[PDB]
Ligand SMILES: [Cl-]
Ligand SMILES: [Cl-]
Ligand SMILES: [Cl-]
Ligand SMILES: [Fe+3]
Ligand SMILES: [Fe+3]
Ligand SMILES: [Fe+3]
Ligand SMILES: [Fe+3]
Ligand SMILES: [Fe+3]
Ligand SMILES: [Fe+3]
Ligand SMILES: [Mg+2]
Ligand SMILES: [Mg+2]
Ligand SMILES: [Mg+2]
Ligand SMILES: [Mg+2]
Ligand SMILES: [Mg+2]
Ligand SMILES: [Mg+2]
Ligand SMILES: [Mg+2]
Ligand SMILES: [Mg+2]
Ligand SMILES: [Mg+2]
Ligand SMILES: [Mg+2]
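Protein chains in written order, with the deposited numbering: chain A, 5 to 176; chain A', 5 to 176; chain F, 5 to 176; chain A'', 5 to 176; chain F', 5 to 176; chain F'', 5 to 176. A prime marks a further copy of an entry chain.
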């Protein structure tokens with residue numbers, strides 16, 4: 005048992021390792037999306053930039069959880085980072101829709117983690133998740149929903165003009 | 005169901021609409037108080053300024069709740085904003101006493117909202133209320149109590165000199 | 005009778021209290037419109053910003069009338085602020101049309117108030133209304149008319165691309 | 005009953021008085037440690053500086069709890085501040101080990117306080133403890149563990165060179 | 005015997021340890037007074053600020069004696085810091101009167117310490133006490149006397165207006 | 005066939021996809037090493053910083069290859085990022101030795117890629133590898149070799165003083 009460990013359940017420690025892996029997976033999904041928009045046959049530079057930013061933000065999310073694991077005296081166990089579900093993301097609209105679904109899934113995982121920290125009477129961990137993760141997820145989800153809505157209302161994905169103009173005026 | 009909605013109970017959504025209305029009501033109470041002190045037969049300019057600031061702060065409180073409703077995928081339903089309970093607030097002391105009672109009532113509503121968010125296992129909403137509302141209410145209530153105490157100790161409301169001097173030295 | 009009161013008819017006093025309420029109603033209508041455009045299924049952030057500005061400007065219009073009432077020795081009597089006629093504003097174009105109708109109804113009230121002040125031989129009150137309100141209304145009405153025209157010519161509300169682009173290039 | 009008091013259980017109020025005393029005790033322990041390292045026969049100036057900083061931080065912790073007691077309408081009852089358990093702290097390693105044990109004991113007290121605030125449905129108090137105390141304690145404990153580890157790995161306390169070099173390179 | 009010790013009598017060493025405790029007691033008395041004035045039912049923020057400053061100055065007075073003990077090769081032995089004689093200080097005037105008595109009792113201790121240092125032919129210790137403590141005590145006593153006089157002449161403690169105005173104009 | 009593709013053999017495309025994966029693996033290995041040194045029972049913060057920098061540099065190396073694949077009209081196919089071979093890196097010296105082996109294995113991959121590009125008469129690809137990767141690998145290998153040498157000469161890993169001092173003076 006680590007000299008620093010106090011009020012930190014084994015189940016919590018295991019759940020934080022699972023969460024680390026999910027944040028790293030999200031970073032990888034966004035990396036894939038970014039470079040799909042960099043293809044010469046897609047060529048939406050501001051979609052590419054938006055998703056590369058999101059990828060680097062998710063890596064920060066993962067590192068902060070690694071820091072937390074060590075702060076509490078848990079032990080980091082890394083797992084393979086699974087490739088994304090697609091290699092071709094089809095369109096700007098579809099990529100936004102997929103991102104929205106990813107962020108809801110990551111939020112579900114975080115909510116389940118909070119419920120476990122609540123059940124184990126770990127207020128530090130509950131505060132960590134609330135302070136650093138839950139409102140980030142609500143903001144992300146809202147932003148992605150807004151983007152999906154605009155793209156749909158503009159006529160995407162069948163209008164290539166719509167996706168072009170959104171790239172310029174919203175993401176640029 | 006909104007595309008962004010996740011872990012957001014209908015009861016919570018309804019309670020946030022009620023809270024919006026209460027914050028707007030508080031803004032209106034303070035507006036009324038401000039312009040009572042602007043009367044030529046009351047003429048306490050720093051009481052007027054203090055309560056106008058409080059009115060604009062309460063409007064911000066209401067707008068942040070409207071933003072939250074949309075962030076979570078709830079739907080804003082506005083209701084009439086009821087006029088305050090008085091048209092003549094009698095004195096600087098009485099207005100402070102009434103403000104103290106208003107802020108305790110708004111805090112009770114917020115505490116009931118937090119209990120509902122707890123019961124519905126909505127940690128995001130609990131964090132929102134704690135972060136942005138509960139300590140604002142504790143500080144407000146403490147400040148108002150301090151003002152009531154000083155005004156009483158100085159001889160208000162029968163001493164018009166007391167209210168004059170408090171206006172200058174504490175509120176000015 | 006207030007010690008400051010001079011040449012201020014009771015009918016004028018009562019009409020100013022009605023005007024205060026109407027300005028506060030207009031503020032509330034614009035607040036409602038603002039947060040409709042903040043919904044995730046509407047998501048036009050510059051429409052939201054535009055209407056939130058207008059909301060805050062109408063609050064200032066009410067506050068200036070409250071100040072006037074006290075300047076002239078009238079007594080403020082606040083009334084409830086009725087909720088707007090819609091909860092869902094349908095589209096950018098519809099909201100602009102509704103705003104245009106609201107501003108013509110507020111102008112009609114102000115013109116009736118000026119007629120009263122004229123009939124009661126109150127030149128200070130006539131000057132106040134002219135200086136601070138009547139050209140503000142003419143400018144607002146003209147701006148809203150211009151916005152309605154552009155949205156219609158662009159193809160709104162059926163073209164969600166029209167409303168998107170208007171949000172960006174006119175309101176942004 | 006104070007005019008400001010709302011949702012603040014007598015048990016909570018009593019627990020905050022106990023916590024005030026513990027923070028003041030921790031400040032005193034660190035004061036003692038600081039001046040042990042200032043002895044001519046110990047003479048580790050950066051150990052002395054490190055522990056004097058910690059002592060002044062603990063006094064701030066105590067004052068913030070006193071402020072909270074008054075904010076909520078409780079009444080401060082101070083108790084004697086007990087002298088530390090040692091007069092001679094033996095070594096840099098031993099002092100760090102003792103500090104680590106002190107901070108775990110203070111964290112246990114805070115966790116028990118949070119459980120009481122949870123049981124009494126006092127979300128303001130729970131937020132106060134999470135926001136201002138629990139992560140401060142986790143960081144402190146982690147830092148102290150890191151220092152203990154380095155000192156041990158370097159050969160302390162039997163190596164006086166180890167303690168000298170740690171004083172210079174980590175604490176200096 | 006410490007390698008630095010020279011001309012430092014055991015009785016002087018022991019008296020310095022008593023003085024350290026007394027300075028830390030004085031710090032605690034002022035801390036208690038400060039937060040009495042922070043209560044919502046007292047609410048004199050400049051009395052609170054004044055006494056919190058004095059609290060921090062007495063901690064520095066203790067720390068300087070701890071430094072001296074080590075400079076001369078004496079050994080620090082800390083004792084418990086007894087709680088003050090009151091929990092409720094009654095009024096601004098009463099607290100000032102109590103402070104004046106505390107500072108005359110600390111001065112008497114210091115004068116007894118100087119007599120000891122004189123009787124043990126310790127000119128370094130006599131100079132230390134004179135340079136750093138005796139005029140500080142004379143200034144403090146004179147300031148407190150001045151504050152007591154003004155409060156009494158103004159009508160305290162029966163006049164809560166007196167204490168309010170003193171808080172503002174002398175302590176603010 | 006992409007409209008941009010010219011002189012880019014399928015084998016080269018496929019080898020670049022393998023290289024992307026290997027760079028992302030290297031990033032993950034360094035991330036693991038970093039947070040091993042952040043453990044409370046290891047506690048070498050400059051080893052942690054060093055390896056976290058290397059992690060971020062390997063992510064940039066992967067991103068540049070992804071950019072290249074699109075520049076040449078190849079198609080990115082991501083694969084899972086395998087977890088590192090250890091969870092516990094044992095010591096500063098062992099981690100450096102493991103890193104040195106990792107960088108020689110990445111160099112061997114790059115040299116095989118250059119041979120392929122040479123055999124397919126792809127001078128643009130040869131130049132890319134030389135300009136951006138081969139001297140980076142030589143510098144990295146040389147730096148790691150230098151670090152291994154110093155740690156061994158200092159007495160690592162048995163001397164925890166050696167690793168402490170290396171952390172401070174070379175990596176700090
Ligand atoms: Cl355009
Ligand atoms: Cl005065
Ligand atoms: Cl060295
Ligand atoms: Fe994330
Ligand atoms: Fe509020
Ligand atoms: Fe208006
Ligand atoms: Fe503390
Ligand atoms: Fe003193
Ligand atoms: Fe690389
Ligand atoms: Mg993001
Ligand atoms: Mg306020
Ligand atoms: Mg919180
Ligand atoms: Mg306007
Ligand atoms: Mg009504
Ligand atoms: Mg500390
Ligand atoms: Mg003093
Ligand atoms: Mg005792
Ligand atoms: Mg490198
Ligand atoms: Mg696999």
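Think of the CB as a built atom: it goes at the ideal place given N, C-alpha and C, for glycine as much as any other residue.
query, result
"Contacts of residue 86(A'') in chain F' (Cβ-Cβ under 9 Å)", "84 and 85"
"Check: residue 155(F') C-beta below 7 Å from any heavy atom of ligand 2", "no"
"Near ligand 17: residue 89(A'') beta-carbon under 7 Å from a heavy atom", "no"
"Residue 58(A') beta carbon near ligand 11 (any heavy atom closer than 7 Å)", "yes"
"Residue 85(A') - DSSP class collapsed to helix/strand/coil", "strand"
"Three-state secondary structure (DSSP) of residue 127(F'')", "helix"
"Proximity test, residue 105(F'') beta-carbon vs ligand 18 heavy atom, cut-off 7 Å", "no"
"Nearest-angstrom Cα separation, counted from residue 23(F) out to residue 43(F)", "31 Å"
"Chain F contact for residue 12(A') (CB, 8 Å cutoff)", "no"
"C-alpha gap between residue 21(F) and residue 15(F), whole angstroms", "10 Å"
"Closer than 7 Å: residue 62(A') CB and nearest ligand 5 heavy atom", "yes"
"CA nearest to the CA of residue 81(A'), picked from 25(A'), 176(A') and 136(A')", "25(A')"
"is_contact[residue 136(A), chain A''] using C-beta, thresh 8 Å", "no"
"Distance cut-off 7 Å: residue 144(A') Cβ against heavy atoms of ligand 11", "yes"
"Ligand 4 heavy atom lying under 7 Å from the CB of residue 65(A)", "yes"
"Buried versus exposed, by CB contacts within 10 Å (16 or more), residue 131(A')", "buried"
"Three CB pairs or more closer than 8 Å across the stretch 83 to 103 of chain F' and the stretch 151 to 164 of chain F'", "yes"
"Contacts of residue 149(A'') in chain A (Cβ-Cβ under 9 Å)", "6, 7, 8 and 77"
"Backbone secondary structure at residue 12(F') - three-state DSSP", "coil"
"Beta carbon of residue 169(F') nearer than 8 Å to that of residue 85(F')", "no"
"Interface residues of chain A'' facing residue 71(F') [CB-CB closer than 8 Å]", "39 and 42"
"Buried/exposed call for residue 88(F), threshold 16 Cβ in 10 Å", "buried"
"The stretch 58 to 75 of chain F'' / the stretch 30 to 43 of chain F'' touching (three or more Cβ pairs under 8 Å)", "yes"
"Heavy atom of ligand 7 within 7 Å of residue 30(A'') beta-carbon", "yes"
"Residue 169(A') CB to nearest heavy atom of ligand 2 below 7 Å", "yes"
"Touching by the beta-carbon criterion (3+ pairs, under 8 Å), the stretch 45 to 54 of chain A'' and the stretch 104 to 117 of chain A''", "no"
"Within-8 Å CB hit, residue 80(A) to chain F''", "yes"
"Buried/exposed call for residue 9(F), threshold 16 Cβ in 10 Å", "exposed"
"Reduced DSSP category for residue 48(F'') - H, G, I as helix; E, B as strand; rest coil", "coil"
"Helix, strand or coil at residue 76(A) [DSSP, three-state]", "helix"
"Rounded distance between the beta-carbons of residue 155(A'') and residue 133(A''), thought under 8 Å", "Not confirmed; about 31 Å, so no contact."
"Residue 27(F): CB within 7 Å of a non-hydrogen atom of ligand 6", "yes"
"Closer than 7 Å at the beta carbon, the chain A' residues around residue 47(F')", "150, 153 and 154"
"Proximal residues of chain F'', C-beta to C-beta of residue 164(A'') below 9 Å", "Result: empty, since nearest Cβ-Cβ is about 13 Å, beyond 9 Å."
"Per-residue contacts from residue 159(A'') into chain F'' (C-beta, under 8 Å)", "164 and 165"
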